[PDB]
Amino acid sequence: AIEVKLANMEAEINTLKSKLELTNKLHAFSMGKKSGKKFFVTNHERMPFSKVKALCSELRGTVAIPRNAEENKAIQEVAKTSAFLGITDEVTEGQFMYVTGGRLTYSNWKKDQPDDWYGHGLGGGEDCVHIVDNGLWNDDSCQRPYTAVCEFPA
């Protein structure tokens, strides 16, 4: 009976969806996702901010954005080196915003940053945000390549 066959296949599909969910949970765990916390990950590849957004978006995630001191540190430990944050002031110079929308609710710039420096030569100012090794931020050219770090929801 086709109806029975169809019911059995719906049950098979539900089982596969449950197993894929488990595969995803285990993978996050193995990659360090802490209970109820956001998950940050990197392949350690350095690239232009435009490439990072495309990359994370292709992964159905978003460029890493620290909403406090903790998350900033986490993003720091995963990248291990200088990485772009999902923050820019490209739309309106001076007003930094999250790539997912909204004005900054937390920051940790460096003593003389942001300076929107134009002396970099790459043309234009500096509208992208990246982290250093000490955790401090610096506005740099989006054209410059830095470590790609994506984030996924808690």
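Residue positions are given as counts along the sequence shown, with the first one as 1.
Here 138-146 and 14-22 are compared by their mean Cα B-factor, and 138-146 comes out higher.
Stretches 26-34 and 109-117 differ in mean CA B factor, with 109-117 having the higher one.
Which of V99, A54, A64, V91 has the largest Cα B-factor in the deposited entry comes down to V91. When the CA B factors of the chain's modelled residues are split into thirds, the value for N68 lands in the highest one. Among the modelled residues of its chain, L104 has a C-alpha B-factor that falls in the highest third, as given in the PDB entry. In the PDB entry, a CA B factor belonging to the highest third of its chain's modelled residues is recorded for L122.
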